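Have a look at the structure below before the remarks.
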Amino acid sequence: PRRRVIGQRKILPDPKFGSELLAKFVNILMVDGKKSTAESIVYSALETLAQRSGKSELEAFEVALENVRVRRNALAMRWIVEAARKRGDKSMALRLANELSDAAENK
Amino acid sequence: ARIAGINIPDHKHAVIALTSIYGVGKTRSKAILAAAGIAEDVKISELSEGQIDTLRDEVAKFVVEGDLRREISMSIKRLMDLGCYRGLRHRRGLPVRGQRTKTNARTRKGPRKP
Amino acid sequence: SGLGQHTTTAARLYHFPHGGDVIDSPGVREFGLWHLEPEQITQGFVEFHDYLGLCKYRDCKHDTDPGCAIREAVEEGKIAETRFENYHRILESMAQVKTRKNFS
Amino acid sequence: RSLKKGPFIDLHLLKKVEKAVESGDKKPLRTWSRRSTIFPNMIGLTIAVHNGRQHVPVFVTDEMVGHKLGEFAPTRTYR
RNA sequence: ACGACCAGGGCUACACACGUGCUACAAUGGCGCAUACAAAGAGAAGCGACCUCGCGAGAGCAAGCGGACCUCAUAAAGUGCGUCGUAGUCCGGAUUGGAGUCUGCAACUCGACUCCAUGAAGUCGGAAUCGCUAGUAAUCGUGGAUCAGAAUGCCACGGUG
Ligand SMILES: Nc1nc2c(ncn2[C@@H]2O[C@H](COP(=O)(O)OP(=O)(O)NP(=O)(O)O)[C@@H](O)[C@H]2O)c(=O)[nH]1
Ligand SMILES: [Mg+2]
Ligand SMILES: [Mg+2]
Ligand SMILES: [Mg+2]
Ligand SMILES: [Zn+2]
């Protein structure tokens, strides 16, 4: 970093929606290299956000992303995941869905 | 519902509620429900009194009560009153079956004090 | 004016009228604590022997650590606070004497 | 611990039991077999069990049957 | 005799201190059923299938194979369904008792493993301190050396990432 000035890696996007930004979101929640169990929680959390908390699933995540703002998007997604773990609900898909609901209404 | 195991099981599933009796784990609770004919996911609700007393008879083969406390205790009293080496381990609160006593003996020794 | 002078030399030997000897000392303002570890500083005080092993952690600096039972004994009043504040002055002196190096 | 096909006992100590039954009880018998399984024909005898430097006599009791002679002799002195 | 032989004991002790690890404190999980995908090695005083018995550790019977053939050897995470619903719990497994397997002249001091039962502390850890810039970190299992037997250590190997 003192001499070695290089860029940052560009991972493959979301296979479901074609979103580059959502591919970085599932990697933060992913622990122990478990991609298969991480993306199932994120997909089920957004479907709760889409069907019962407002349409335009890709736009509904962006409104929740906008209030908590490369590094600006990185710190915003990290604050959602880490605050979702310390909640009172039952599952990780239910906790992160309520965090995106609160971030959409900036509270 | 009061069993011969007088301590009242919690109002939950059958294989979990039988575990609260001293001397019935997870495996033995499965053996009683298999011998009686009651499913393991049946709660205390709808478990009729004709289905509770048939669990009293199946558990009656095993002594699982404060009477089981004294039988474990007097088995240790057989060791300590005899004067054996293993009986000396129980009287001071030291590990018996080969655990070291340099460090990491906190369960047997009790909390630390210099 | 407000100080003391060390006129008499190192040590002169005499005898008691009953028995034993006397040894005079110089006027000394020196503190050599290069001997051993700060674990031995904990052993250098009498009443602090009986209060070891009572704090939260097994290792403790006893100044900025939460739950120090030795600090609770000073706050209770069984240990005077003059001795406690001077105790960490000994520990902060070892942050100032040790600086260059010295070894025997 | 040990398998059920035959409880182990040393041959020299088994000979010491047989003469003790016929000729009656004697002075406490010094031995080194800390690994022998106690049989019911030994009840009443006093066997001196070696523990590293000395021999400690052990009066055999009825409920000692099945145990080892090494379970009655501490090998270290603690203070 | 500072030599040598043998028996037993000690190297594994216990009021404590320190460094190094494993498993945890859990719903990104626990358990039950169903089920998919590895690479790299080891094997003749050895690996030991199939069949049969035991809840199980295993045992009996008994081939194949000095081996790209046969055996260890069904990889585990994952996937699908059901369950528990945030608690000292169907978390976590310590400790202890009882009943046993196998190794070996011989498992008390001091072995491994299975079964039943018991269910400590612990609900994410102060000052301080370490590793790591990519198939890396993290995590999942497998194999080997040592070895009659005795791996949370070490050496390798892949899976996901
Ligand atoms: N008023 C009074 N003066 C005293 C007393 N004891 C000593 N002094 C005085 O104090 C002074 C110092 O005494 P001194 O014994 O020489 O001190 P020191 O510690 O030996 N000095 P040094 O360090 O040179 O050896 C002397 O002038 C002495 O007379 C006392 O009880 N009362
Ligand atoms: Mg029970
Ligand atoms: Mg558990
Ligand atoms: Mg580098
Ligand atoms: Zn303290």
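Quick note on naming: the chains in the structure tokens go A, B, ... in the order shown, residues restart at 1 in each chain, and ligands are numbered from 1 in order of appearance.
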- Message: Using only C-alpha atoms (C1' of nucleotides) and all ligand atoms, which residues have at least one atom no more than 9 Å from ligand 3? Output them as a list in words.
- Response: residues 30, 90, 91, 92, 93 and 119 of chain E
Mind dumping the selected residues with N, CA and C atoms (P, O5', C5', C4', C3', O3' and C1' of nucleotides) as a PDB file, in the first residue's frame?
```pdb
ATOM      1  P     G E  30     -25.502 -26.960  14.376  1.00  0.00           P
ATOM      2  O5'   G E  30     -26.528 -27.564  15.434  1.00  0.00           O
ATOM      3  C5'   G E  30     -26.223 -27.568  16.821  1.00  0.00           C
ATOM      4  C4'   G E  30     -27.374 -28.100  17.637  1.00  0.00           C
ATOM      5  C3'   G E  30     -27.954 -29.429  17.183  1.00  0.00           C
ATOM      6  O3'   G E  30     -27.196 -30.541  17.625  1.00  0.00           O
ATOM      7  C1'   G E  30     -29.710 -27.906  17.592  1.00  0.00           C
ATOM      8  P     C E  90     -35.954 -27.174  26.255  1.00  0.00           P
ATOM      9  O5'   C E  90     -35.130 -28.102  25.255  1.00  0.00           O
ATOM     10  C5'   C E  90     -34.252 -29.109  25.748  1.00  0.00           C
ATOM     11  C4'   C E  90     -33.454 -29.772  24.648  1.00  0.00           C
ATOM     12  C3'   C E  90     -32.616 -28.842  23.770  1.00  0.00           C
ATOM     13  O3'   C E  90     -31.385 -29.482  23.444  1.00  0.00           O
ATOM     14  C1'   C E  90     -34.091 -30.093  22.416  1.00  0.00           C
ATOM     15  P     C E  91     -30.027 -29.036  24.174  1.00  0.00           P
ATOM     16  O5'   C E  91     -29.788 -27.543  23.671  1.00  0.00           O
ATOM     17  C5'   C E  91     -29.541 -27.252  22.303  1.00  0.00           C
ATOM     18  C4'   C E  91     -28.600 -26.083  22.157  1.00  0.00           C
ATOM     19  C3'   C E  91     -27.138 -26.376  22.458  1.00  0.00           C
ATOM     20  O3'   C E  91     -26.460 -26.925  21.341  1.00  0.00           O
ATOM     21  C1'   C E  91     -27.806 -24.388  23.573  1.00  0.00           C
ATOM     22  P     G E  92     -25.665 -28.317  21.462  1.00  0.00           P
ATOM     23  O5'   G E  92     -24.410 -27.969  22.376  1.00  0.00           O
ATOM     24  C5'   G E  92     -23.455 -26.999  21.974  1.00  0.00           C
ATOM     25  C4'   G E  92     -22.657 -26.515  23.155  1.00  0.00           C
ATOM     26  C3'   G E  92     -22.017 -27.607  24.000  1.00  0.00           C
ATOM     27  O3'   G E  92     -20.765 -28.032  23.485  1.00  0.00           O
ATOM     28  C1'   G E  92     -23.176 -26.094  25.405  1.00  0.00           C
ATOM     29  P     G E  93     -20.664 -29.325  22.534  1.00  0.00           P
ATOM     30  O5'   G E  93     -19.302 -30.022  22.984  1.00  0.00           O
ATOM     31  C5'   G E  93     -19.304 -31.177  23.813  1.00  0.00           C
ATOM     32  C4'   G E  93     -19.289 -30.815  25.278  1.00  0.00           C
ATOM     33  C3'   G E  93     -19.227 -31.983  26.253  1.00  0.00           C
ATOM     34  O3'   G E  93     -17.903 -32.451  26.453  1.00  0.00           O
ATOM     35  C1'   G E  93     -20.950 -30.500  26.904  1.00  0.00           C
ATOM     36  P     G E 119     -29.228 -33.309  36.138  1.00  0.00           P
ATOM     37  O5'   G E 119     -28.254 -32.270  35.429  1.00  0.00           O
ATOM     38  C5'   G E 119     -27.175 -31.671  36.138  1.00  0.00           C
ATOM     39  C4'   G E 119     -26.078 -31.212  35.207  1.00  0.00           C
ATOM     40  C3'   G E 119     -26.409 -29.989  34.349  1.00  0.00           C
ATOM     41  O3'   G E 119     -25.235 -29.195  34.177  1.00  0.00           O
ATOM     42  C1'   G E 119     -25.859 -31.811  32.951  1.00  0.00           C
TER      43        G E 119
END
```
- Message: Just want the residues within 9 Å of ligand 5, written as a list in words, counting only C-alpha atoms (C1' of nucleotides) and all ligand atoms.
- Response: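 Counting only C-alpha atoms (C1' of nucleotides) and all ligand atoms, the residues within 9 Å of ligand 5 come out as residues 52, 53, 54, 55, 56, 57, 58, 59, 60, 61, 62, 63, 64, 65, 66, 67, 68, 69, 70, 71 and 72 of chain C.
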- Those in chain C with alpha helix (DSSP H) from DSSP, as a PyMOL selection string: chain C and resi 39-42+69-76+81-97
- Test item: residues at most 9 Å from residue 101 of chain E, only C-alpha atoms (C1' of nucleotides), excluding those fewer than 6 positions along its chain, as a PyMOL selection string: (chain D and resi 1-3) or (chain E and resi 57-58+113-114)
Based on the selection just made, write N, CA, C and O atoms (P, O5', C5', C4', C3', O3' and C1' of nucleotides) of those residues as a PDB file, in the first residue's frame.
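The result, written out as out.pdb:
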```
ATOM      1  N   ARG D   1     -13.786 -52.260  32.172  1.00  0.00           N
ATOM      2  CA  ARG D   1     -12.477 -51.997  31.587  1.00  0.00           C
ATOM      3  C   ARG D   1     -11.950 -53.228  30.862  1.00  0.00           C
ATOM      4  O   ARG D   1     -11.880 -53.253  29.635  1.00  0.00           O
ATOM      5  N   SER D   2     -11.573 -54.245  31.634  1.00  0.00           N
ATOM      6  CA  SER D   2     -11.062 -55.478  31.053  1.00  0.00           C
ATOM      7  C   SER D   2     -12.192 -56.279  30.419  1.00  0.00           C
ATOM      8  O   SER D   2     -13.356 -56.162  30.814  1.00  0.00           O
ATOM      9  N   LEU D   3     -11.844 -57.082  29.416  1.00  0.00           N
ATOM     10  CA  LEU D   3     -12.820 -57.944  28.764  1.00  0.00           C
ATOM     11  C   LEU D   3     -13.259 -59.069  29.696  1.00  0.00           C
ATOM     12  O   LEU D   3     -12.526 -59.480  30.601  1.00  0.00           O
TER      13      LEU D   3
ATOM     14  P     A E  57     -20.586 -49.992  16.204  1.00  0.00           P
ATOM     15  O5'   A E  57     -19.346 -49.805  17.185  1.00  0.00           O
ATOM     16  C5'   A E  57     -18.867 -48.511  17.513  1.00  0.00           C
ATOM     17  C4'   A E  57     -17.929 -48.560  18.690  1.00  0.00           C
ATOM     18  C3'   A E  57     -16.809 -49.580  18.592  1.00  0.00           C
ATOM     19  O3'   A E  57     -15.714 -49.125  17.816  1.00  0.00           O
ATOM     20  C1'   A E  57     -17.828 -49.716  20.726  1.00  0.00           C
ATOM     21  P     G E  58     -14.996 -50.123  16.785  1.00  0.00           P
ATOM     22  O5'   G E  58     -14.504 -51.324  17.706  1.00  0.00           O
ATOM     23  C5'   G E  58     -14.404 -52.643  17.194  1.00  0.00           C
ATOM     24  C4'   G E  58     -15.146 -53.623  18.065  1.00  0.00           C
ATOM     25  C3'   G E  58     -15.079 -55.079  17.636  1.00  0.00           C
ATOM     26  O3'   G E  58     -13.881 -55.718  18.040  1.00  0.00           O
ATOM     27  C1'   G E  58     -17.316 -54.510  18.115  1.00  0.00           C
ATOM     28  P     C E 113     -11.318 -41.475  23.100  1.00  0.00           P
ATOM     29  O5'   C E 113     -12.485 -42.473  22.681  1.00  0.00           O
ATOM     30  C5'   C E 113     -12.599 -42.943  21.346  1.00  0.00           C
ATOM     31  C4'   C E 113     -13.428 -44.199  21.272  1.00  0.00           C
ATOM     32  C3'   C E 113     -14.837 -44.096  21.830  1.00  0.00           C
ATOM     33  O3'   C E 113     -15.751 -43.515  20.916  1.00  0.00           O
ATOM     34  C1'   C E 113     -13.799 -46.057  22.656  1.00  0.00           C
ATOM     35  P     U E 114     -17.027 -42.705  21.456  1.00  0.00           P
ATOM     36  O5'   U E 114     -18.101 -43.841  21.760  1.00  0.00           O
ATOM     37  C5'   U E 114     -18.511 -44.740  20.742  1.00  0.00           C
ATOM     38  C4'   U E 114     -19.257 -45.919  21.314  1.00  0.00           C
ATOM     39  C3'   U E 114     -20.457 -45.588  22.182  1.00  0.00           C
ATOM     40  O3'   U E 114     -21.611 -45.263  21.428  1.00  0.00           O
ATOM     41  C1'   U E 114     -19.151 -47.258  23.235  1.00  0.00           C
TER      42        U E 114
END
```
- Message: as number ranges by chain, please: the residues near residue 8 of chain C (cut-off 9 Å, only C-alpha atoms (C1' of nucleotides), same-chain neighbours under 4 positions excluded).
- Response: C: 24-27
Could the residues in this selection be written to a file with N, CA, C and O atoms, as a PDB file, in the first residue's frame?
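Result file selection.pdb:
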```pdb
ATOM      1  N   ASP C  24      25.875   2.383  60.918  1.00  0.00           N
ATOM      2  CA  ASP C  24      25.356   3.656  60.446  1.00  0.00           C
ATOM      3  C   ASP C  24      25.153   3.583  58.935  1.00  0.00           C
ATOM      4  O   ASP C  24      25.759   2.763  58.243  1.00  0.00           O
ATOM      5  N   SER C  25      24.272   4.436  58.435  1.00  0.00           N
ATOM      6  CA  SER C  25      23.928   4.494  57.026  1.00  0.00           C
ATOM      7  C   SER C  25      24.261   5.870  56.466  1.00  0.00           C
ATOM      8  O   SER C  25      24.271   6.863  57.203  1.00  0.00           O
ATOM      9  N   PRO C  26      24.551   5.968  55.171  1.00  0.00           N
ATOM     10  CA  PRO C  26      24.730   7.285  54.554  1.00  0.00           C
ATOM     11  C   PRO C  26      23.401   8.005  54.402  1.00  0.00           C
ATOM     12  O   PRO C  26      22.324   7.416  54.504  1.00  0.00           O
ATOM     13  N   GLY C  27      23.494   9.308  54.156  1.00  0.00           N
ATOM     14  CA  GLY C  27      22.329  10.021  53.678  1.00  0.00           C
ATOM     15  C   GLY C  27      22.065   9.603  52.248  1.00  0.00           C
ATOM     16  O   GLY C  27      22.786  10.004  51.329  1.00  0.00           O
TER      17      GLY C  27
END
```
- Query: When distances are computed from only C-alpha atoms (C1' of nucleotides) and all ligand atoms, which of E:160, E:144, E:134, E:44 shows the smallest separation from ligand 4?
  - Reply: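 The answer is E:134, which sits nearest to ligand 4.
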- Message: Residues of chain D classed as strand (DSSP E) by DSSP on the backbone are to be reported as a PyMOL selection string.
- Response: chain D and resi 29-31+46-50+55-59
